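Considered here are two forms of the same protein chain, supplied as structure tokens in two stand-alone entries, structure 1 and structure 2.
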Structure 1
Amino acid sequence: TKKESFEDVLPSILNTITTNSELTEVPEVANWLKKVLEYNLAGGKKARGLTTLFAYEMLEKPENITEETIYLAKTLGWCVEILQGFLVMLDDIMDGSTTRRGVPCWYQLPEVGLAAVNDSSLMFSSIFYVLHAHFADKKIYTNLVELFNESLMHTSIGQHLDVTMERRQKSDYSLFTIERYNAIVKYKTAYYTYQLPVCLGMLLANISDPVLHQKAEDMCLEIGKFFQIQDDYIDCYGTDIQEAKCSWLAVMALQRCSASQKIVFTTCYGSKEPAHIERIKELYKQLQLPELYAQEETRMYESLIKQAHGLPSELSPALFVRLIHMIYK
């Protein structure tokens, strides 16, 4: 039901974007941009956007939830989805990707090409037109604008930490530390899937107390951690191993390795040979990482719920409970 409710305000958004702007004197660009947005949003799960809606729907008082304020939540939600299109659009560029949701990447198309980097710039800036339309005069405006600039930085830091990981020398695993794994989930994943939508929700519902934003933050990051650890683990039991990714399993494995075992790791990780993969999966078993996951998942879940249940009523422990439950199973 809600995913159709969300896709319904899109068309309007792309008209808001092709208007209150200098684009009236350059209608050609306006139509080239529209095409970038519709393509680079099209398809996919719409989750980060929905989560932005869902958050508001739960933190605002229902007497205060109106016809209009649902439209704004769908908007902010949409701003976040543009932010994603922006990121995935340059994950491809940097990661040599060739397709995405069936169709080829936006940069693979012949008429587009490496132009794309400029198309990236255009999408992002669009966020700030929409913000100006529906929020120029409101009191939260600055915060919204700040919060979106802030976002581009977090995800850039995270992008950097990821490319810097994939540079390396194949056989050097000195950055495969839980310290650095946590920073990768913090900066690239967590923020714009959980913090950003939540935080964006709070502000529509005029929740501003600093120490409430801090408690919401802490919660989202604990959460994304919990998300990632699952995702990583499910990948093993996917291709995480043969691509030499910094999974929770790579990191833990290296903590527990004897020096001999550490060599089996460096040698066989990052390889397509079934014999090699099998070796890593075996060494994982030896190291009792499955044993360790099942304990950690439980503790993390339990302490995450208990964190929600203790939260001020302003933050809808309800909200944060569901978020956690959604990732459970």
Structure 2
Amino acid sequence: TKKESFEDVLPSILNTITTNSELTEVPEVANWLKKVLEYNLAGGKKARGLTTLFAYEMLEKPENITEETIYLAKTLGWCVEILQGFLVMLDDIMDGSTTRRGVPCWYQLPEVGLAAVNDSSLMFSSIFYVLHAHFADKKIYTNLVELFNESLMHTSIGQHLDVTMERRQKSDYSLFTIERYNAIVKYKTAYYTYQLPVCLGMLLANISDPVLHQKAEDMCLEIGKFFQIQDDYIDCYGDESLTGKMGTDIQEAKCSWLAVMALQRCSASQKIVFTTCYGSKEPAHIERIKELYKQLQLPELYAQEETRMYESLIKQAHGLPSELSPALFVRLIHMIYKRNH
């Protein structure tokens, strides 16, 4: 399977990180970073790294694909996985999270705490040593480095929208609109989750035409909105033993798809219940919100919107130039439709 094949290269990636940096001189640190990386990359689906490799394989002419290019595609994919692990290490701090991939969040470990913020920088900086080690002498080098820095800017833009204390004042949820939601998810998720791995695949396949990149980017951004709606749903409704994480969107007062849809449907008296109980860690409050979501039929709306968006994404995919592989995108869509984690 593609997953074990992708995972097979991880130990070699970790050595590359060391050997190509000053880490060679400070083994206390090189050994620590190994622990950081193994913990924060462990488990999960590897979906972003896979999407990188799948894109490359689907977009390149099969006659131009070599074992070396496959290793390079996996390497780019692992760089997205590292970015992911960095992003979620900080996100977990910001979101008051307790567990991820079925264990304590990195920052919750007693030996780590707030020094996680330095572990994050060590992870992020690893990326550029991988990129330099494999690509410095190639024409795509500066496209790669810029793409990963752009991804950091995009994601942080979206994270600011997400966590900003200005998103709500007390009982004022006037900013919980779809305009705000669309901005949040476009920036915090859609870019790094889809646009980045696909663009990386494209660059590796020597596709440079700005029109094709723009077309692929618009497709990606649509898929990533869809993907975050599913993330938000799962926060509320997912099975912890499958997702590996306790949901916190309700207690943290997030402008999640569910909150936005709930406000679409609240009666005047329901709106008061929402504003009273949303954003609180008391279990009775949290439960009251979930009951309200149920009364408002948000589970049925999700199922129907997931399908409508699904059908819309598939049609968009079929209308892409063949140079972008409609089939790749159809398959990416198919892989996440109906997911429960």
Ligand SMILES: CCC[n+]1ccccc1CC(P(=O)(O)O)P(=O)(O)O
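Residue indices: 1-based, along structure 1. Rigid core: the largest C-alpha set superposing within 1.5 Å between the two forms.
- Each structure shows the same chain on its own, and structure 2 is the form solved in complex with the named molecule.
- For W248, the Cα coordinates differ by 2 angstroms or more between structure 1 and structure 2 after the core has been superposed.
- Here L41 does not count as shifted, since its C-alpha moves by less than 2 Å between structure 1 and structure 2 after the core is aligned.
- Core-superposed comparison between structure 1 and structure 2: the CA of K61 stays below a 2 Å shift.
- Shown is the Cα shift of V185 between structure 1 and structure 2 after rigid core superposition, which amounts to 1.7 Å.
- Relative to the superposed core, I263 moves its CA by 6.2 Å between structure 1 and structure 2.
- In this core superposition, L287 moves its Cα by 8.8 Å between structure 1 and structure 2.
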